[PDB]
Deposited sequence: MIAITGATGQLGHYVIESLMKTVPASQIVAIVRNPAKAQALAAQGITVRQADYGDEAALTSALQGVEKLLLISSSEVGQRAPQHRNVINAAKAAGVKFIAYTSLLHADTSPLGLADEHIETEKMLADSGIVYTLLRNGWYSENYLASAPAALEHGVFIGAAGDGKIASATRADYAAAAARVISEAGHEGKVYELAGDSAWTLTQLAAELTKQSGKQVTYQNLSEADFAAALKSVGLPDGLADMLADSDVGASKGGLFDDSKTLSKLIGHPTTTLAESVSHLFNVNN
């Protein structure tokens, strides 16, 4: 039996779809706060167990009979303690690429969870996921509308991959043997700068798009005047700065080796913008 916490997101959806290619639906259990609002998961035919993530006891019950748990990102403290109480034997966690040394502020919370796992006594594997190509492409439309893509990543190299790629990796780790106790640094086979992104954008769109590098404050002070919340804006700005320092770069090709095929290139992802 495989359980998935935090499976109501886009990544979780993909992981479940991937798993279903080799694991019977009933052997997959999605733990959610409200099975009613989780119509998607239920639609997949998987086992759904309700549990409030602020309720360790509820989580423990929801994890009964679970041998392997995929924890998709405190809340994690309750989940890990519950997994310990229920007898979970293996936990795979979606962390952040090179979390212990990462310049990105997003690493903080992940490190806290990685520490919890290390102290849990439960065998675990860290799926240290790099950036989603979708993270930057979410801003491609605006960049195309104004002919400029803004950021604060400088010449930092972003070894992005798709949620689908990361999801396949998670599914592989939680379902097949030989992936326990590992620390996998997962990223795209190739890497690109925001300058190259703009160029790829211009190439396939026919429209001119230039990258404009801003400073963290200006970039953030640019997102806080378009709608996006302050916290969200601050993170995005912090991330680009982390990227400018190589925080989103990795060339181990661990991801492609793990999934058995090349990671999805930026070019392919960009193509989806003009389908």
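Hey, which stretches of the deposited sequence didn't make it into the model?
Missing CA coords at 74-81, 284-286.
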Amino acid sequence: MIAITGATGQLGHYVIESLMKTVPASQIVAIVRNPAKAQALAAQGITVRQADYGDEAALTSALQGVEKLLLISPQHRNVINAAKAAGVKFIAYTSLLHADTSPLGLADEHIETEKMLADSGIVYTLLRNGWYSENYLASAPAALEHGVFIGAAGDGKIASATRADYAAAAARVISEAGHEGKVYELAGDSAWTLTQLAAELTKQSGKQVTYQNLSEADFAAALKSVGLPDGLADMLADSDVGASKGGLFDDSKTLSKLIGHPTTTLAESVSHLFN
From here on, numbers count along this sequence of modelled residues.
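In the PDB record, does 197-205 or 107-115 carry the higher mean Cα temperature factor?
Result: 197-205.
Compare the mean C-alpha B-factor of 211-219 with that of 242-250 as given in the PDB entry, and name the stretch with the higher value.
Between 211-219 and 242-250, it is 211-219.
Between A42, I31, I28, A57, which carries the biggest CA temperature factor in the record?
The record points to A42.
Go through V226, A51, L63, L70 one by one and give the residue whose Cα B-factor in the PDB entry is largest.
Each of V226, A51, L63, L70 was compared by C-alpha B-factor; the highest is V226.
For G9, does the deposited CA B-factor place it in the lowest, middle or highest third of the chain?
Its C-alpha B-factor, which the entry lists for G9, ranks in the highest third among residues of this chain.
Using the temperature factors of the C-alpha atoms in this entry, rank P74 within its chain: lowest, middle or highest third.
Highest third.
Ranked by Cα temperature factor within the chain, is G178 in the lowest third, the middle third or the highest third?
Answer is middle: the recorded C-alpha B-factor places it there.
Ranking the modelled residues of this chain by C-alpha B-factor as given in the entry, is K157 in the lowest, middle or highest third?
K157: CA B-factor falls in the middle third of its chain.
For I150, does the deposited CA B-factor place it in the lowest, middle or highest third of the chain?
Middle third of the chain for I150's C-alpha B-factor.
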